[PDB]
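Observations on the three-dimensional arrangement
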Amino acid sequence: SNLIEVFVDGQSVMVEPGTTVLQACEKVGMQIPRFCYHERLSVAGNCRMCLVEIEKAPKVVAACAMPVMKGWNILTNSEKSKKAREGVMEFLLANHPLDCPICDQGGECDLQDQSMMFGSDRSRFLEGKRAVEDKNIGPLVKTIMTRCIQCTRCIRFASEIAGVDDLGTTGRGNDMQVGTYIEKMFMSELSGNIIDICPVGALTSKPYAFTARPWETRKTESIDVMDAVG
Amino acid sequence: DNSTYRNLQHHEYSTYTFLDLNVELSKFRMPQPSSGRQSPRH
Amino acid sequence: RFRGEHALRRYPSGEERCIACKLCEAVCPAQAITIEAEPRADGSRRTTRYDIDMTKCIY
Amino acid sequence: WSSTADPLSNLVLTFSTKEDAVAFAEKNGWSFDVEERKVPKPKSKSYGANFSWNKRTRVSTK
Amino acid sequence: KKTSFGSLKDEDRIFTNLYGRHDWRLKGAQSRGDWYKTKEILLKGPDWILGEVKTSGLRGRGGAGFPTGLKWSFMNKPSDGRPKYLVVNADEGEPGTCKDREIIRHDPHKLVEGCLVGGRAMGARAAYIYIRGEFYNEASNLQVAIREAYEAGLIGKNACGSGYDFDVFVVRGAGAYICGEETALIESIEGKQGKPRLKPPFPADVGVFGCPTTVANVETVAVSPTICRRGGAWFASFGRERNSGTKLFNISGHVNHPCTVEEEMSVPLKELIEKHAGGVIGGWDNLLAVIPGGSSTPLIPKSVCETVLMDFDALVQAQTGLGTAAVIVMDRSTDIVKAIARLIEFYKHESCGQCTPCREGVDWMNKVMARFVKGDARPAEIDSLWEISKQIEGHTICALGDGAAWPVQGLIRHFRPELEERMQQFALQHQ
Amino acid sequence: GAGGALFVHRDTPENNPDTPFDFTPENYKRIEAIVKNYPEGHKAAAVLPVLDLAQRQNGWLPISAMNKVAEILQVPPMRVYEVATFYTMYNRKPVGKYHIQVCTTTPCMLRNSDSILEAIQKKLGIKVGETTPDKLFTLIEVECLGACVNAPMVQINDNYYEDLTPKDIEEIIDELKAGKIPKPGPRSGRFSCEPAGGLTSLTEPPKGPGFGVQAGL
Ligand SMILES: NC(=O)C1=CN([C@@H]2O[C@H](COP(=O)(O)OP(=O)(O)OC[C@H]3O[C@@H](n4cnc5c(N)ncnc54)[C@H](O)[C@@H]3O)[C@@H](O)[C@H]2O)C=CC1
Ligand SMILES: Cc1cc2nc3c(=O)[nH]c(=O)nc-3n(C[C@H](O)[C@H](O)[C@H](O)COP(=O)(O)O)c2cc1C
Ligand code: SF4
Ligand code: SF4
Ligand code: SF4
Ligand code: SF4
Ligand code: FES
Ligand code: FES
Ligand SMILES: [Mg+2]
């Protein structure tokens, strides 16, 4: 048929045209690190955590956005890709606040886990960090924007899934901030989901605040009855 | 001949000169292409 | 370095140091610590329950 | 404190396949409910679709 | 066959009204050879124009030096149903660069004719010229020239006795250096923030309004009608192989006569500086360093500038890159660390903030360089800064991160002893 | 170094959604032309020009101006907010009658731009980012303005004043204070960026049409 042959760590795999490097790695069972990529959202490509080396290619490519080409050998664990991951994690952690004990996303943080699995174990940042003022978007989503890593997942979800275009970015460079630019509540029947998509403790549940840690909780798989969707 | 500088009319441009020239140019333009809808939100 | 009876300390201003992160509860080899927390009246992250079973503690 | 009386409240077992877990449950005499594995279906991603000429996939911000 | 370059005859230049001493208007442009036999070039077909551009050896005048014929041929695919556009990059963001401003204010008609010729070559329906927002009078002059071209029938309906329809639009930016990047320029035209998009797709597939597009520099567009009229062989006669033609140079900084001048491509840097800029202030011995291709190119010291040529390959061999051919010279009386730190501060102030490496790392490098200027650091931090620059370079969405990493690398490579001396002085006087 | 300008809006008696703003009918005709410049599926492309036009009508951009532009183009207000806070030429706060922008980038800093900055500072009695008490001038430090050959230079209300000495900028300031407009361009009489005494190029008359046209054309 129309399937093309690519290689993940030298292992052959047949993929459809338009498949990205990230999905090609997924088909073999390797999960590429990510912060801005979501399956249900449009591709952003700004967090650069998915950078991976293509064999016989001098430049690393963004796996979440780059379509795979026939005969490409993706080197998921090569030295170049690991160094790229370490550099990106260092940049992400340079201005991040030391809020882990008081952050609700302590044991459930993709930033924490991906720093432990793909980043370095120390810092060489000898400067001062930046701090931004928090935003009020209603009584459901608690906002602490110093923890924001500017992945723009919340903006994409609000625009594409919820159909609400009130979220965005203001400023430029290091002081670019995610918010509304006016005092306004982000109130929609799907508003709480931005808590789930946010990889960090920038957006958290307000009624759930400070009540439990993830390792304590017992998970019961069940069904909603608040409507007839099930 | 050469010694004379001949770009002095930019000395007499106002605040609205650019948009006025655009308004004058509007009648010289070919009809615009259409994507089929009013906007991507339509 | 001697370890004796447990104590909860506070800052010089008089406010307690504990911010209910539950790291001590997580690491406790005997599960001797029980913690419950909620936002305070002024929004602070503080504990409402902090129990140590001294007969389960291994010090 | 939270008190319980059933000894199996914390018992969770790990298995490689559904068949292994079913065999373990049947040989141990436990009535079981099996739930089929949920796998996220593969999706069609296209970065260029963000800048569409006429489709609605065109994004207003990035 | 030629071995020496850098004595370009006056009659052999393209931008004959660079200094604005003639009439930039339609009559004045027609006097200097503009809009001559444009109908013939239009009727000779897009394939012929593309071939002439290919044989000309014309490379990217924006700073990257990509062969322009190859890109304009990338646009040569059959129609797909969407319109096709040409976008002329007139952002002029690079510090030290002033050539496009001069060729827009004093010779707009060459730019308009280049727009028409390139649009015919790529089959575009219209040309969007993204002028810098600060260049208001230049934009007004361009609009007046476009009005004159419309009145004379040189552009617009049928554009000639040629049968081709072509529109030229002028859109103004609003203070953004990143909007010079081609994809960020496309985003800015569409009414969004000037944040670049990822590649692929390339503009020839998905560009402005999602349509096939080519983004070209003002100089690249403006030299094209002259290339078509005089032939690609004439243009390739100048300069070395793969570095052919003539170039506009902006010499600024510590020179007696800072100026813009058009000269043959592979001219020696010293020869150009002495012949046109009046030499280095205080004499050639007074020279300390040169930034040859705008703020995004690494500096080189006197020993390299002694016998280096001014083109892509020779400057790449000198570990710099030709860039935009904007020469910024510094004598031995200036704090080179302060100048590099000022450039890094500019890059911190100009990054769009989309991708984390550029955003956070350039902020970090700015803070580190600010500390370096005073000597408040330790010698072990120089290598750490080098590693930070390497972590930025090659990991960002666009080349602004590379353009911020390269000056730091050049400063370290050529003046590490000065940084260490500053650190020792600060430690001595602070204890 | 630091920005110093906020990117969050808090309502003010002089800057709130009910602040009166509207477009003049001539500006409405200009808006019609600007919109007509674009294909009839993508009208958001006119956000940057029209916003600019609003500033040209008001001197600055109140939140009501952004709301009106968003309403006119039928784009969400947040996109207009993003555009207004991204581009530095937009004044989201009131600015003086004469906005003075001094370039301090390295090519201009090399040719003594600090002397010009301090001369303006002394003449106006204001600091780098302040405005005069009579609301006549605003001083602002900007990046490279594309006139590096004519450094040092400043930009005042769309006009480039180049090759400045401190005396030159003082004469410009007090001529603006007098009431009439100083003539733009470089000082020192070099006529737009050729060598000051060199004249090493474009010396003989330029060649006309057909000078070097190839055969068969
Ligand atoms: N003129 C000015 O004011 C400024 C110039 N620059 C210069 O711009 C340079 C970097 O610009 P970039 O666009 O990032 O370099 P680039 O090499 O990635 O792109 C150059 C041109 O070639 C095209 N191109 C390159 N590879 C292609 C491919 N495989 N397929 C199709 N098209 C391809 C690109 O679409 C682009 O139009 C820098 O060296 C800098 O000196 C930088 C800032 C300002
Ligand atoms: C950050 C950045 C800013 C740029 N600014 C400009 C600019 O202002 N003018 C320009 O012509 N090119 C600029 N470029 C280079 C453009 O990408 C270039 O114009 C484009 O690739 C095609 O130009 P060409 O016709 O010379 O090949 C910039 C590139 C980057 C990375
Ligand atoms: S978001 Fe993650 S890394 Fe940041 S403070 Fe919270 S738990 Fe720690
Ligand atoms: S608030 Fe969360 S989801 Fe939104 S951009 Fe910041 S990190 Fe991403
Ligand atoms: S919960 Fe335990 S570890 Fe955390 S602050 Fe309180 S006492 Fe310390
Ligand atoms: S490198 Fe800088 S300017 Fe370029 S996309 Fe990334 S953040 Fe924006
Ligand atoms: S996951 Fe690909 S750049 Fe963020
Ligand atoms: S450095 Fe000042 S105009 Fe360019
Ligand atoms: Mg979250």
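Residues numbered from 1 in each chain as written, not as in the entry; some residues may be left out. Chains lettered and ligands numbered in written order. Part of a larger assembly, values for the part shown. Heavy atoms only, no water.

cryo-EM is the method the PDB entry states for this structure, with the resolution given as 2.4 Å.

Concerning the UniProt feature "binding site: Mg(2+) 6" (unreviewed entry) in chain A
All names here are of chain A. Mapped onto this structure's residue numbering, the UniProt feature "binding site: Mg(2+) 6" (unreviewed entry) falls at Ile195 and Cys198. Checked against the element boundaries, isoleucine 195 lands in helix 5 (residues 193-197). Dropping the residues within four chain positions of it, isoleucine 195 is found in contact with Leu140, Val141, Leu203, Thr204 and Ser205. When you line up the elements, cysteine 198 lands in the loop between helix 5 and strand 9 (203-205). A relative accessible area of 9% places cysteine 198 in the buried class. With residues up to four places along the chain from it excluded, the contact list for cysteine 198 reads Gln105 and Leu203. (UniProt positions renumbered as here; feature names shortened; annotations may be inferred. Helix = DSSP H or I, 4+ residues; strand = E, 2+ residues; numbered from the N terminus. Contact = heavy atoms within 4.5 Å. Buried < 20%, exposed > 50% of the residue type's maximum accessible area, 1.4 Å probe, protein only.)

Some details on the nonpolar core
Residues E:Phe209, E:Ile251, E:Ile336, E:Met369, E:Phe372 and F:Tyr87 are the most contacted members of the largest nonpolar core, which totals 255 residues. Of the residues forming this core, the biggest block, nine residues, is contributed by helix 14 (residues 336-350) of chain E. Setting aside its immediate chain neighbours within four residues, F:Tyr87 contacts E:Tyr130, E:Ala174, E:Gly175, E:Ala176, E:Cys179, E:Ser188, E:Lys192, E:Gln193, E:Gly194 and F:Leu48. Ranked by size, the runner-up nonpolar core spans 19 residues in total, among them F:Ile100, F:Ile116, F:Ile169 and F:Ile172. (Core = buried A, V, L, I, M, F, W, Y, C linked by side-chain atoms within 4.5 Å.)

With respect to the site of ligand 2
Residues and elements named next belong to chain E. Contacts to ligand 2 come from 19 residues, most closely from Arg61, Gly62, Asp91, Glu92 and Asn217. Within the contact set of ligand 2, an oxygen atom lies 2.9 Å away from a backbone nitrogen or oxygen of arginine 61. For ligand 2, whose free accessible area comes to 620 Å², the fraction covered by protein is 86%. Among the elements that make up the shell around ligand 2, the one with the highest residue count is strand 4 (residues 213-217) (three residues). Across the shell around ligand 2, the residue classes tally to six nonpolar, seven polar and six charged. (Near = heavy atom within 4 Å. Polar contact = N/O pair within 3.5 Å; in protein donor to acceptor, adjacent residues only side chain to side chain. Areas by Shrake-Rupley, 256 points an atom, 1.4 Å probe, with all protein chains shown as cover. Nonpolar A, V, L, I, M, F, W, Y, C, P; charged D, E, K, R; others polar.)

Regarding the sheet that holds strand 8 (residues 300-301) of chain E
Spatial ordering of the open sheet is given by 6-5-9-7-8 (chain E), a layout of five strands whose pairing is mixed. Strands with a single pairing partner mark the edges of an open sheet, and in this sheet they are strand 6 (259-264) and strand 8 of chain E. (Pairing = 2+ DSSP bridges.)

Some words on the arrangement of the chains
Contacts between protein chains span twelve pairs of chains, and they are most numerous for chains E and F. Separated in space, chain B and chain C share no contact, their closest pair of C-alpha atoms being 41 Å apart. What separates chain C from chain F at the closest point of their C-alpha atoms is a distance of 23 Å, and the two make no contact.

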